[PDB]
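Descriptive analysis of the structure
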Protein chains: 2
Amino acid sequence: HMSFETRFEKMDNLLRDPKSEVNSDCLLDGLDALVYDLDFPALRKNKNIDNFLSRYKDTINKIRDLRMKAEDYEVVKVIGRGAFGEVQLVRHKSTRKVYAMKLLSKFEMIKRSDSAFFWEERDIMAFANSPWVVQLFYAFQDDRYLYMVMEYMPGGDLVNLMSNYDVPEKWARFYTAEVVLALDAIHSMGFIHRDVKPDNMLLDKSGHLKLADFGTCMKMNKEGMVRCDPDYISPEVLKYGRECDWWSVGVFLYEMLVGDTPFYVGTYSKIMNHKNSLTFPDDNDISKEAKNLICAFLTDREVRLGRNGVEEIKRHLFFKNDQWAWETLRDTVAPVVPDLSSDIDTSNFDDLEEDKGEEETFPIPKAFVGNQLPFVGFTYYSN
Amino acid sequence: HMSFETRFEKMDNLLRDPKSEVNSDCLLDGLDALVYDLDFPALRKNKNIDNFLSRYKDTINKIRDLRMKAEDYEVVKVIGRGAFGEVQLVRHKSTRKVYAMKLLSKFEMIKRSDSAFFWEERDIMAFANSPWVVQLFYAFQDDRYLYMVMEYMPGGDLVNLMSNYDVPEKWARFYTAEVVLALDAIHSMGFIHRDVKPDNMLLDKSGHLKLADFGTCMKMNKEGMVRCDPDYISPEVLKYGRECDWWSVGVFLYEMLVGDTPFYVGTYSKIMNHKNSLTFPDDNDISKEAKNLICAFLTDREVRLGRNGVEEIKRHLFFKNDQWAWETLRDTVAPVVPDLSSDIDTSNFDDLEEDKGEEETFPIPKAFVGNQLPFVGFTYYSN
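Residues numbered from 1 in each chain as written, not as in the entry; some residues may be left out. Chains lettered and ligands numbered in written order. Heavy atoms only, no water.

The PDB entry lists chain A under the name Rho-associated protein kinase 1, with Homo sapiens given as the organism. This deposition appears in the PDB under the title "The Crystal Structure of the ROCK1 from Biortus".

Listed below in structure tokens is the structure:
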């Protein structure tokens, strides 16, 4: 019950607003997903399909050439692998710009009945629009792969850092602070990251931190929590709010200083008995400032620090230094500034093998399968 | 093989250009056609479909409310019926404007395997953009009906005119001229109308003519002709170029003056023997100017007038009058100016009965039927 004028306006907004699922980029996916999942000699016996396909065939064949495609990016190297795909250092052929491009096998996702996990990662990386989060520039689908073009982080994760250095407190103070800010940014959007691991934490050219690889992420409820049923699991989740995340930071900090996980398959029982299993090494030259903070995080959900707000954490004297203050944090010098020669230098990154594998495909169907249907709305362009 | 910049530009043009089949209005049809032809408890057993539908269900339900729908227009009266649908005088509820809205039963079109006929009508009415052609403002689909909102022509067709008047030459000169211009406009687009009947020729408020109901219309070949295999059939078609159309005008003119069709199931043999069956009545007070023109049209395709150009026809002295000249033709007074009281006056139109019929529907399918698929891309908005 509105006026034609105002109705017609709001339709144009829904087709422009990049957050909308009826974005004009989202709609082309829906058409392409039809042509992919209908162009089969078996299904093309049906007349309606035969004609629809014929009509749009010459069109969509032109559209595929013009929209962003895998052939636009030449593969430099594989900077990481995981479950359901890999990540590649890429260079745009035309613009001559380096990016990090994450692939996701459509077959494997469908094979194991697991599709709706990337959505939350996409939402965050694109719209977060902060200096603590690895930004997504372009995203595009394919016959058999999802692509995510995002900025190259040439400093590598912290896993390799910690392994190649004896981390002093001065460094732990910094890398903790940059996490604490990053994680608050995500909370401000209304999402709760889970299993915040050193694996996620990447380093930019300057040596500063940005988070990425946002799996096990869900949207906060109307209360500000999540109703859902490994060592980064809090008693909260094991028996889920924002407290969940602060636990995995207390773990993180303990790892940098002690050089092992806090709670060492029965490990779940040590997490529950958090009161009578908080042990430190014999020569704990770890300052009392750190031991204080780590214990403040690693405790029962009720009393766990951060329940009132993030500002509690910043007050802690563990952060109170001379070099930087929270607002000037990302502007200061970093503990480890990666010195790289070329703009394609993957020295901090591990050297993994190239694909060297025959790609598996779906069997050609006899009826409408709709394997491409769950991926509709994924594509995104950043102007 | 282009630059990213120029490629990205051309995509935005294809999504704006109203003539394109990937217009952002065309793409929403493709999404709506999925939801219509998948939301069936039988098909929703498939998981991919179940989830896709669930995700977009709340979205598309909102989109249907906002896009143009049948409920926006209240039905005044039925001003005509035909095969595969009817035409209604309508008033837009919000803007309070009268239009003529043509419906087309999706069921009947599918039932009798006949779908791709409206396309050409749409192309013409929308883009013709001349004062001789009934213009299409909005077009929109439904679960079971195609709609075409076009300007109301309150003067009626010429069939009712000729029946309610003793048509003098002065009138025949005029109504012929306005046809000759109208038909040239369509030729300039690159289309060839067939069976140009008094049924098609409608009258505006002023009393001037506009063509409509563009069935049996096809696009001109690269030569300027058509390779295709009742009384308006020329020997050309019966044994097809632009000459085809000039034949049906010569018929038209003969009907106004003689008051019967020229060639009276064996009628096809009289059309072939056009040389030895051109008879006029006993008291042919029909001027020699008219008898000349009618014979010039109604002859073999080779010699038939108009083969060289439309300008031949305008030279003919049958048109040479004092009142008007070709450019000032539509600006002059019309022979019959319809005097109507209300803005919803259908006095010139026949009074047909209202629908009063249970609408037939498709049987609920067990597999992907795709009955809505051939109608994708029909919708059109005129800003």
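Summing up its helical and strand segments, chain A has 12 helices and 10 strands in all. Taken over the C-alpha atoms alone, chain A extends approximately 80 × 55 × 45 Å along its principal axes. Every one of the 383 residues in chain A was classed for burial, and the buried ones make up 53%. For chain A, the exposed surface amounts to about 18,800 Å²; the carbon and sulfur share of it is 48%. Positive and negative side-chain charges of chain A, numbering 49 and 64 respectively, have mean locations separated by a distance of 5 Å. (Helix = DSSP H or I, 4+ residues; strand = E, 2+ residues; numbered from the N terminus. Buried < 20%, exposed > 50% of the residue type's maximum accessible area, 1.4 Å probe, protein only. Areas by Shrake-Rupley, 256 points an atom, 1.4 Å probe, with all protein chains shown as cover. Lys, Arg positive; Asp, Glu negative; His and termini not counted. Charge placed at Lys NZ, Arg CZ, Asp CG, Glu CD.)

This part is about the sheet that holds strand β8 (residues 202-203) of chain B. Across a sheet, strands are paired by hydrogen bonds formed along the backbone, either parallel or antiparallel in direction. With antiparallel pairing, three strands are arranged side by side in an open sheet as β6-β8-β9 (chain B). Sheet topology places β6 (156-157) and β9 (209-210) of chain B at the edges, where each strand pairs with a single neighbour. (Pairing = 2+ DSSP bridges.)

Listed per partner, the contact involves 47 residues of chain B and 47 residues of chain A. Our enumeration of links across chain B and chain A arrives at two salt bridges. The residue B:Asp72 makes a salt bridge to A:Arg7 at a minimum N-O spacing of 3.8 Å. Inspection of the region where chain B meets chain A yields 12 residue pairs in polar contact. Secondary structure elements with two or more residues in the side of chain B that touches chain A: α1 (4-14), α2 (24-36) and α3 (47-66) of chain B. Of all the elements, α3(B) adds the most residues to the side of chain B that touches chain A, at 10 residues. By residue class, the composition of the side of chain B that touches chain A is 27 nonpolar, 12 polar and eight charged. (Contact = heavy atoms within 4.5 Å. Salt bridge = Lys/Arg side-chain N within 4 Å of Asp/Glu carboxyl O. Polar contact = N/O pair within 3.5 Å; in protein donor to acceptor, adjacent residues only side chain to side chain. Nonpolar A, V, L, I, M, F, W, Y, C, P; charged D, E, K, R; others polar.)

Turning our attention to the relation of the copies chain B and chain A. For the pair chain B and chain A, the relating rotation is 180°, the translation along its axis is 0.0 Å, and the fit reaches an RMSD of 0.0 Å. A rotation of that kind, with that shift, is consistent with a two-fold axis. By residue overlap, the copies meet face to face through one surface: 100% of the interface positions of chain B are interface positions in chain A. (Least-squares fit on C-alpha atoms.)

All names here are of chain A. The full count for this structure, using the stated rule, is 46 salt bridges over all chains. The closest approach of N and O atoms between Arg 112 and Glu 108, which form a salt bridge, is 3.0 Å. A salt bridge links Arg 242 to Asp 184, with the shortest nitrogen-to-oxygen separation between them at 2.6 Å. With relative accessibility at 18%, the residue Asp 184 sits in the buried group. A single salt-bridge network, built from bridges that share partners, covers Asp 25, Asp 29 and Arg 67.

What follows deals with the packing of helix α9 (residues 243-258) of chain A against helix α11 (residues 288-297) of chain A. Residue and element names in this part refer to chain A. Two numbers describe how α9 lies on α11: the axes approach to 8 Å, and their chain directions differ by 145°. As α9 packs across α11, the resulting crossing turns out to be left-handed. For the pair α9 and α11, the contacting residues are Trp 246, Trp 247, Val 249, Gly 250, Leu 253, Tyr 254 and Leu 257 in the first and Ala 290, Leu 293, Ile 294 and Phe 297 in the second. Residue composition of the contact of α9 with α11, by class: 10 nonpolar, one polar and no charged. (Axes fitted to C-alpha atoms, helices over the stretch in contact; angles between N-to-C directions. Left-handed = near helix turned anticlockwise from the far one by under 90°.)

Before going further, it helps to spend a moment on the pairing of strand β4 (residues 136-140) of chain A. Residue and element names in this part refer to chain A. Buried residues dominate β4, accounting for four of its five residues. In terms of strand pairing, β4 meets strand β5 (residues 145-150) through four bridges, oriented antiparallel. Along β5, the bridge assignment pairs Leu 136 with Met 150. The hairpin turn running from β4 into β5, its antiparallel successor, is four residues long.

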